[PDB]
Amino acid sequence: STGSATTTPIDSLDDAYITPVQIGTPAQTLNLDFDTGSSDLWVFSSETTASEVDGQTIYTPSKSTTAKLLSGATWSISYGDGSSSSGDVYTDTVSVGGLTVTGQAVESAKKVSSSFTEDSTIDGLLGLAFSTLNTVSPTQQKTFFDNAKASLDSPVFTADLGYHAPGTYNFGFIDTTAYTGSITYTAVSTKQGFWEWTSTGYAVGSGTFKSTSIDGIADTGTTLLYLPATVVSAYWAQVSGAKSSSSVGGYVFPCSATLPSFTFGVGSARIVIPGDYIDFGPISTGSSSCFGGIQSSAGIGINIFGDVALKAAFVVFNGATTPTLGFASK
Ligand SMILES: N=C1N=C(N)c2ccccc21
Ligand SMILES: N=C1N=C(N)c2ccccc21
Ligand SMILES: N=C1N=C(N)c2ccccc21
Ligand SMILES: N=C1N=C(N)c2ccccc21
């Protein structure tokens, strides 16, 4: 089996990407944030506290003839950005881009935090990290990819995120027309439940490549690129007027700037993030100070290759017995 679905930015800044997912019988289509940094498939639902729903599409299990309540099971997650959600659990049929899993755990939100309520574009999350991070208790559940893997032509999925444009998630096959050159594969540690790998270094603009090991995670659910303070300082030092703002919470720069590219290493290969990908626009409406797309990881304890980095590449999440990651230019 295979599946293929289009993923679309939620807004003009690429703050996140949504992908349509069919749940239940008859199908209920929700637009989910595919998140390689977490392992729960959770949705706004008919059970979500009414005051916490504001424009999202909801899953109604009582209208699905294949939904079954998972007795006594609950879930609760808190994310790196401070947001959270929790609820009960059903099993149901879930399809992505033509690929179907029966008996998938669908985590129905009873409560969501304000940031989720305030974002009408995201109907839930579809976690694609390793199932060891799944939060369902007392019986932990498996991700959509884990459940699908044995049925797939190849035990892989690929992320091809667009820059201010749609892109694609594929399951079970590698579209060799979607990238240029070759795919460079690199080792993954699953010990923390993430797609955790080690970049071989970086360059700023046309500058000299610095060979240095940078351990981090490939996380489609994080918007920005979070790297060590030394690396981030070296990047923003090339932008006149850029500075780290405590009040804003990161590096900001004059909106009139044209930003340098940022290169990261994958083995001997190099992925180049164009400068414009690092511009996240005015810090507040009408401001001429703009928010940077490369920020320090110092206060979060892990480096994160989020969408800013991943959307510059075609990325293979290889879920074979020994997982690996692949990156190609595109
Ligand atoms: N800060 C986040 N990191 C994620 N991987 C994620 C997923 C969904 C909401 C917020 C976040
Ligand atoms: N989307 C934009 N709106 C602007 N006024 C602008 C200036 C420079 C780059 C991108 C943009
Ligand atoms: N006013 C802008 N200046 C920019 N550099 C930019 C980027 C994206 C959206 C809006 C703007
Ligand atoms: N955390 C942020 N602070 C901002 N002013 C901003 C703009 C665009 C994306 C993310 C952020």
Side-chain angles (χ1 to χ4, degrees), residues 7-19 31 33-38 54-55 77-85 112-122 125 159 161-167 204-205 216-229 231-233 235-262 264 272-312:
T7 192
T8 303
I10 64 164
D11 66 17
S12 63
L13 299 171
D14 297 353
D15 284 311
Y17 296 78
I18 51 172
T19 308
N31 297 329
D33 184 351
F34 281 25
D35 181 12
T36 64
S38 71
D54 190 8
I77 199 158
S78 305
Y79 296 100
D81 67 350
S83 74
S84 67
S85 54
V112 306
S113 68
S114 57
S115 66
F116 288 113
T117 301
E118 286 155 11
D119 180 6
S120 65
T121 74
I122 290 176
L125 274 281
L161 303 178
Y163 166 67
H164 297 166
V204 176
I217 65 168
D219 182 7
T220 58
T222 290
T223 310
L224 306 185
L225 174 53
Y226 294 87
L227 290 173
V231 178
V232 173
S233 182
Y235 179 80
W236 290 107
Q238 297 303 308
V239 179
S240 298
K243 62 189 203 86
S244 177
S245 166
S246 167
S247 60
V248 177
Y251 281 89
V252 300
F253 68 92
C255 292
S256 60
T258 304
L259 298 178
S261 64
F262 184 86
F264 62 95
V272 182
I273 305 168
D276 288 355
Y277 290 27
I278 300 158
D279 183 347
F280 280 73
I283 54 167
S284 291
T285 306
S287 181
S288 66
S289 295
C290 273
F291 198 75
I294 294 178
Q295 297 293 346
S296 179
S297 66
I300 58 178
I302 198 158
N303 299 305
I304 307 172
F305 293 87
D307 298 333
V308 162
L310 301 182
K311 78 191 175 184

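The figures here come from the full heavy-atom set of this structure, side chains too, leaving out hydrogens, waters and symmetry mates. Counting starts at 1 for both ligands and their atoms, following the listed order. One is the number of the first residue; the rest follow in order along the sequence.
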### Parallel, tilted or perpendicular: ring planes of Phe305 versus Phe264, cut at 30 and 60 degrees
tilted
### Query
Using a 4.0 angstrom limit on heavy atoms, which residues are close to ligand 2?
none
### Query
Where's the contact between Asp15 and ligand 4, heavy-atom distance under 4.0 Å: side chain, backbone, both or neither?
side chain
### Query
Is it true that the NZ or CZ of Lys243 lies under 6.0 Å from the centre of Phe253's six-membered ring and within 45 degrees of the ring axis?
no
### Task
Using a strict 4.0 Å cut-off to heavy atoms of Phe280, name the atoms of ligand 4 that fall inside it.
7 (C), 8 (C)
### Task
Look at the side chain of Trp236 and the backbone N and O of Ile294, then say whether any donor-acceptor pair between them is shorter than 3.5 Å.
yes
### Query
Is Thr8 reaching over with its side chain to a backbone N or O of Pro166, donor-acceptor style, under 3.5 angstrom?
no
### Query
Taking both backbone and side-chain atoms of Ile283, is any N or O found less than 3.5 Å from an N or O belonging to ligand 4?
yes
### Query
Under the 3.5 angstrom rule, does the side chain of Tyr17 hit a backbone N or O of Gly162 as a donor-acceptor pair?
yes
### Message
Less than 3.5 Å apart, any donor N or O on the side chain of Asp307 or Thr223 sitting next to an acceptor on the other?
### Response
no
### Task
Please work out which of the three classes, parallel, tilted or perpendicular, describes the rings of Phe116 and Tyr79, given edges at 30° and 60°.
perpendicular
